[PDB]
Each structure stands twice: as structure tokens, then as C-alpha cells.
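As a starting point, one isolated chain is supplied in C-alpha cells, in the form deposited in one PDB entry.
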């Protein structure tokens, strides 16, 4: 469904360590280099801009590997789908508002926390999200 630049850009935008920001296409190049694999900055770019589509299975393994995710992220929608929800998960942890909310709501009973959820939903109706 989604393009290969889409899936790749989703990993750059989403997977990266704590206490820091998104990896740069060049820690990548360097990270491959430190394991023999030789990949060109200009190539990695055209890949991520959608000018270079249809890479070989080896290049896709290579990147899927820097990110530590199965290459089947790139070729089966089904697992592209299983993983993307988890991907999406990442972004929400590490979102301030969210951290504050679950912070302040932990230690509320099950009735008053559910009551908290009924209110988020109110607010998602109010803003046109739902």
C-alpha cells in the first residue's frame, strides 16, 4: 500500500534511542560501513525521497537491520501493519501531554480512571478528531 520511502521515513521518524533524537541517514551509512556493507549517501537519499524505488532485497535487509526490525516490515503489509501500531505506540510514550496524564491518573481507582477515558473521548468529539 504505502511506498518504500514511506516505510523507511517512518523508521527514521519513529525508531531511535532514549535520551536522544531520530537517527540521521549518516549514522546509518556509517553503521553499515562498520559491518562491511557499503551504501552511498546519495543513494540512501534518493531512496528516502522516492526517486529511487524498487531496491534489492539486500539493501532492505540492511536498513531493516540498522533499525533492528524484520525485513518483512518492507514486503508484507500484514506485518507492516502489525508493526506500525507498535511503531505508533513509540511516539505516544515520549509525548509530554500523555506522560503528564498517565502520571496524574495512575493511582486513581478503576472507576475514576475509566471516567478519565470517557472525557478524552468527549474531547475527541469536540475537536473533530472523531
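Numbering follows the first chain given and starts at 1.
Averaged over their C-alpha atoms, the temperature factors of 11-19 and 109-117 are higher for 109-117.
Higher mean CA temperature factor between 56-64 and 83-91: 83-91, per the PDB entry.
As recorded in the PDB entry, 98 shows the highest C-alpha B-factor of the residues 28, 98, 69, 47. When the CA B factors of the chain's modelled residues are split into thirds, the value for residue 3 lands in the lowest one.
What comes next is about the form deposited in another entry, which is not displayed.
Seen as two rigid parts moving between the shown form and the other one, the chain keeps residue 94 and residue 51 on one side of the split. Between residue 121 and residue 13, the Cα distance is greater in the other entry than in this structure, by no less than 3 angstroms.
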